[PDB]
Amino acid sequence: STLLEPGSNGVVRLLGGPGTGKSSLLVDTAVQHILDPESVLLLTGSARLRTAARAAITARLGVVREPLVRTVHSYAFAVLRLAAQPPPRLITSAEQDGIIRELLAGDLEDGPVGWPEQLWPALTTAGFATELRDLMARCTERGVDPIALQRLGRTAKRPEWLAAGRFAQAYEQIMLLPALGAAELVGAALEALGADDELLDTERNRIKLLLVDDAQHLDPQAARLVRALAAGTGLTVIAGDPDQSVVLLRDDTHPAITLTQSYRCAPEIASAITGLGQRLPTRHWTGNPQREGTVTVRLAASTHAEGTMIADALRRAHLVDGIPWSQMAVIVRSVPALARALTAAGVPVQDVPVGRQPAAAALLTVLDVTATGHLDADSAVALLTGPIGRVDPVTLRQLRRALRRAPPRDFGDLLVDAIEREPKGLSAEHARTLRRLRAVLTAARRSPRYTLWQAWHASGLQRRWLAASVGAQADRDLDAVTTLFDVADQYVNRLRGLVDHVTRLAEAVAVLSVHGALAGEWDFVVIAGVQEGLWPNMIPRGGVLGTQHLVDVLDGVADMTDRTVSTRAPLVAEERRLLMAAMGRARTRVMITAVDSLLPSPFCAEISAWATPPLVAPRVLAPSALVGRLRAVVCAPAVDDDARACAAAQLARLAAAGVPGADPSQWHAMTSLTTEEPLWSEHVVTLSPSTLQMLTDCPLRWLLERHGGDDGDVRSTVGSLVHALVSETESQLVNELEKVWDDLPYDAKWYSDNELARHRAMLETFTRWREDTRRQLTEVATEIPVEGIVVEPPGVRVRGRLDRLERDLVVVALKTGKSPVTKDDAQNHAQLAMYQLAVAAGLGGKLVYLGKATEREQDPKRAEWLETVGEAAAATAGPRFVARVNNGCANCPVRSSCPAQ
Ligand SMILES: Nc1ncnc2c1ncn2[C@@H]1O[C@H](COP(=O)(O)OP(=O)(O)NP(=O)(O)O)[C@@H](O)[C@H]1O
Ligand code: SF4
């Protein structure tokens, strides 16, 4: 307190625990030294914390000037910006590792670097250049010149470090023949402070406070600017906590100021944090005595039961205890499953490429129409099913039946000719969704960053997405089209190149990882997923170049020149700091969750000493979770004679205000049939001989598969293309099947010409059948429509398409199956005996199998048969259809709604 005064000098160090008044004491000394705007320099260490401390000072200060609030990287650029009295910075690592892919492919083509010849197949891989980039990016943070990395390649017998140092030296000579990376920005500025030797004295004479902040995360190359700027003038405060590694604080000759009172954390949270610091290689601080807090550890028995009790405890707190959303958080060790099972209880919770999302990709299809000049068929259907002018799949089927009234032509060709000029056919409501697509393609074709805005103006849906903000998808799409207008501007400053480049490119529960959870406050913190393979991280840190072994020989004597512990797993004592500092955010209470069928980590057995069987079916406060259970203890045979009264007493309070599922009108077991009528009632039923086999077999399959339920093929229309050719010279028919075959929906075009071969020969099999049996038979006609009245008084009235007559009359029915029906199974064949009974009365049978020509016969039992047609056709009358189990109870369409299974 006596060391922070306007009359004072030197370096003061300010260290304290997690939560204490550190960063709000640098703001308290920024203002107290002003009451000069300049020399009040901060180094906040984040781009978002720079504005958090700027607005804190400038509100506490009649207009004012600005204290200089910056970061370390943004300050080392301003030194380089002034030392050129412009120093440019290179792009993000796409353009910086696009240089790495060139120098490796430019080395494998040759035979100077000298890779150790085992790594020769590795050099073309994308996974080698994203590891070579890290051996340079982790020496750049530690100030190691490539002429000094090669000294390590000789003292130890490691050939791939001499090869890596010669890469990092040859890399820095084509980047200067400047161009600075991201991490190379502090190290390049520090060479320019000691170069001029008057640039120092014209910098130190400016600054007066140097309120550097968050000193613990500072690199040993960024820890030397703070030692250079604070060489001599005024007074400097360092601050931060020294025992959270994850200027220097631990070793200094400068006087320190400790802080032990927390101001945030409860005293029961402050004993679990400092209780874990006992088995850890200023660890004593106390909690806020005004608060009272709870720490508890819960276990689950599965993965889905974890997300069901997290969404329990997040729902108990807001809805009963009253703490709002956005004072809650869910911290996970690392993000790839939990946000889906936590939204399903009704909790507000706050990747995919840019040109792939449907609100953005529907507008890039307007540009491909515009760039070519004519719109195709496959990209004119893709505008109707998209967001611009939208149609559900049953209104494509209403366009086609209205456009084809203007063989039928294909829908891909009729659509384009309705956008080019609008026909006056439909005009009801489909005229509007076609005028919307003429308004876009006339605006963009009459006009590259000025056309793409003019398309967004014509397809007027910035108005429709603001009024409807289903209200989340408008805020997901508007937060995605504004990433086109940002990326499309970035290519214009440097329209077939627009499409070519983009193609390659509140009050909620914050779910975030541990490294993102070092800025929030959050009254309630859940640490989900502390278990065996996940939190004590046993993914081994080995690699090819030995990056994790270089980084702990070069940065300290953590390992000697022995590769024994170089590639094991993340260190456990340095992994305990993450769970010790994630609990350091909650100011009221902490819940720690892990599943155990997936085995809990040993950190869950250590918290249970300081906390205040696993669940397998947990309780929820979801409204669809109440009314499910309340209906299950009232519709019960066999417990709870007293609780049954309490069950139905609470459903009457749910049903009076809404809550769907509550009232006994809403229950799916309580609904009643619509009609239960006697069908036709009143009459002559009508039948065809191809349903009579089916009707007798099972009369429920007649009702559901003939009327509605029929799931759609390519094998049944070829079977009718054979019947058309056969009914019309055996070489004049092969030429007829050959032309028409090329338009059939066959994938695998090796199979279309392989299925033609068995259907070409099946016409030669038929003419090889005719000449054999034209001595015993004689054709009367072919494809006679049979119609008449049979079993007249109900009458059954057989109608339809006898295939081929012959005469010794007889009845020939041609089939194209491969496997024939047996000999004694065709004596009761219901199709032939309906034609045979047609031949007799008013106005033997053959069953020729073209394919694999084994024919079957039926002998010329009429009273036993004619009573069966009248007995079966009477069962197509009433309700309550019978579901017999037949041979066809497999590859039948209606089976998921059968009551016999
Ligand atoms: N004198 C005070 N009176 C009331 N509240 C205070 C006082 N001093 C600090 N606080 C509050 O205590 C909390 C501690 O925040 P602060 O001390 O600024 O964080 P920090 O410890 O510097 N940063 P970090 O450890 O990374 O979370 C904040 O909500 C402050 O507003
Ligand atoms: S599964 Fe059996 S009862 Fe059901 S429709 Fe098919 S044949 Fe008829």
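Residues numbered from 1 in each chain as written, not as in the entry; some residues may be left out. Chains lettered and ligands numbered in written order. Heavy atoms only, no water. Residues with missing side-chain atoms left out of burial classes, pairs and counts.

- Per the deposition metadata, cryo-EM was the technique used to determine this entry, at a resolution of 3.5 Å.

Remarks on the pattern of salt bridges
Then, in step 1: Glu738 is the partner of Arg760 in a salt bridge, and the nearest nitrogen-oxygen pair spans 3.2 Å. In this pair, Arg760 is assigned in helix α34 (residues 749-773) and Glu738 in helix α33 (residues 734-740), connecting sequence segments 22 residues apart.
Then, in step 2: We note a salt bridge from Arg758 to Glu755, for which the minimum N-O separation is 4.0 Å. Remark: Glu755 and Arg758 occur in helix α34; sequence separation between them is three residues, near one turn of the helix. (Salt bridge = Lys/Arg side-chain N within 4 Å of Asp/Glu carboxyl O. Helix = DSSP H or I, 4+ residues; strand = E, 2+ residues; numbered from the N terminus.)

Section: the sheet that holds strand β7 (residues 294-300)
Then, in step 1: Taking strand neighbours across the sheet as the criterion, the five strands line up as β7-β11-β10-β8-β9 in an open arrangement whose pairing is parallel. Every other strand in the sheet has two partners, leaving β7 and β9 (510-513) as the edge strands with one partner each. Shown here is a sheet whose adjacent strand axes are inclined to one another by a mean of 20°, direction ignored.
Then, in step 2: Bridge analysis of β7 against strand β11 (residues 589-595) gives seven bridges, and the strand direction is parallel. Bridging across to β11, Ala300 finds its partner in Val595. (Pairing = 2+ DSSP bridges. Axes fitted to C-alpha atoms, helices over the stretch in contact; angles between N-to-C directions.)

Observations regarding the sheet that holds strand β13 (residues 802-806)
Then, in step 1: What the five strands build is an open sheet, ordered β12-β13-β14-β15-β16; its pairing is mixed. Strands at the two margins of the open sheet, each flanked by one partner only, are β12 (782-784) and β16 (857-858).
Then, in step 2: Contacts between helix α35 (residues 832-839) and the sheet are confined to β13, β14 (810-812), β15 (845-846) and β16, with β14 contributing the most and set at about 140° to the helix. (Contact = heavy atoms within 4.5 Å.)

Let's talk about the packing of helix α7 (residues 146-155) against helix α8 (residues 159-171)
To characterise two packed helices, one gives the angle between the axes of the helices and the distance between these axes.
Then, in step 1: Here α7 crosses α8 at 170°, and the two axes come no closer than 8 Å. As far as their axial angle goes, α8 and α7 are roughly antiparallel. Packed against α7, whose contacting residues are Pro146, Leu149, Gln150, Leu152 and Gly153, the element α8 presents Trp161, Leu162, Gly165, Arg166, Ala168 and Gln169 at the interface.
Then, in step 2: Taken together, the residues that form the contact of α7 with α8 break down as six nonpolar, four polar and one charged. (Parallel < 35°, antiparallel > 145°, perpendicular 65-115°, else oblique. Nonpolar A, V, L, I, M, F, W, Y, C, P; charged D, E, K, R; others polar.)

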